[PDB]
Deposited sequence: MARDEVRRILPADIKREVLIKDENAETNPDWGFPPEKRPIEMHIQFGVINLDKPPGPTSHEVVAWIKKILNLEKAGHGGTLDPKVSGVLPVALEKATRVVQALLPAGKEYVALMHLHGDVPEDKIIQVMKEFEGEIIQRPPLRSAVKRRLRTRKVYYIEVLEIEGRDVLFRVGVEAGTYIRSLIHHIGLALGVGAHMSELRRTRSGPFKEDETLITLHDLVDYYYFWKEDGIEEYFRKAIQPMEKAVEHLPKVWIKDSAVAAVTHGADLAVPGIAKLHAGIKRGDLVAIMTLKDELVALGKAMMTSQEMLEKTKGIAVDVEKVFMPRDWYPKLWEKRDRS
């Protein structure tokens, strides 16, 4: 039950001294509700019926937003985790779309099969699979329940994997054939079913509670800081004196690094965090975590997408 998102990362220290000045920046739980939204993401539990595109359209019109992009397009009949990135945080979906997903699926067998076969055979589908022509990875498959011809199971997959099709091929491997009668996505990258997974109802309500009734709490818990959309990425934390430079398009030179995750490799997508754990920008590593640690000069991260505004930190340079 392990997606790559899950791999454990140790945090290495490069400069013990580095401290961050509390006058500068806005840590996620220190952002006026308005700015919390501008840099927010919704862990939405898509209802069945609508297309994911229509859903986000209802949200823009009800929350009065001008931009909002959801990650991996859930099919109409499918429910569950649909991350909706908001306004100025829209472009973080680019950390999501690639990330592994998990679903709970109900497969209906067209014929009778012993509970042992079903399990044995479904285990054979872990690894790689071809579909259309493209190859995609099944990380794990877990059967929860078999009631006669109905098989309920969790599955973890690479992005872009077609569950309906997989269930089809299982039916074929079993002989009797099969179809998927129900599907729900329980995970997409860092977004899981937890207290942050809000339904449309709870959401549009909490909004009115704040906007019309003046209660913030509930609506603030509904929006997550963009930093959440990055929990799965390797991070390097940078000094205060380096933050403004980076939001102005400066690549990140070694000397501006405070701490970093272990096991970063050249080419890896990394997130660039301030010491207050704010997301500054996304980038591509030009060094391994070890090179960065020992070296005293050089470009460590090609900055590619900047999210933090240029006025949060002073132009120290």
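No C-alpha positions are given for the deposited-sequence stretches 1-7, 140-149, 335-340.
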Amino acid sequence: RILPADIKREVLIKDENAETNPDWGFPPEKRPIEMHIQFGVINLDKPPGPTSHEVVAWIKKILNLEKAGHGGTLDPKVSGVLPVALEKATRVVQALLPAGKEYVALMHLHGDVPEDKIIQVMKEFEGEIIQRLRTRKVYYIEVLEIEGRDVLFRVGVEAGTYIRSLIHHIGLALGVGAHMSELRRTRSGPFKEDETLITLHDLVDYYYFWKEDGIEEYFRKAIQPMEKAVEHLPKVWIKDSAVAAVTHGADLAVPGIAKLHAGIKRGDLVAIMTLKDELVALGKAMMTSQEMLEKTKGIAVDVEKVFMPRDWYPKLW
From here on, numbers count along this sequence of modelled residues.
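Between two forms, the rigid core is the largest collection of C-alphas that superpose within 1.5 Å.
Taking the root mean square of CA deviations in 7 other deposited structures of this protein after fitting on the rigid core, 134-142 and 97-105 differ, and the farther of the two is 134-142. After superposing on the rigid core, the larger RMS C-alpha deviation in 7 other deposited structures of this protein belongs to 120-128, the other candidate being whichever of 180-188 and 120-128 remains.
Stretches compared: 88-96, 212-220. Higher mean C-alpha B-factor in the entry: 212-220. Between 275-283 and 23-31, the higher mean Cα B-factor belongs to 23-31. Set against one another, the Cα B-factors of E182, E147, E102, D202 in the record reach their highest point at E147. Among all modelled residues in this chain, the alpha-carbon of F191 has a temperature factor (C-alpha) in the lowest third.
Residue-level temperature factors show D45 in the lowest third of its chain, judged at the C-alpha atom. Annotation for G263: C-alpha temperature factor in the highest third relative to the rest of the modelled chain, per the entry. Among the modelled residues of the chain, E124 sits in the middle third by CA temperature factor in this PDB entry.
When the modelled residues of the chain are ordered by their C-alpha B factor, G69 lands in the lowest third.
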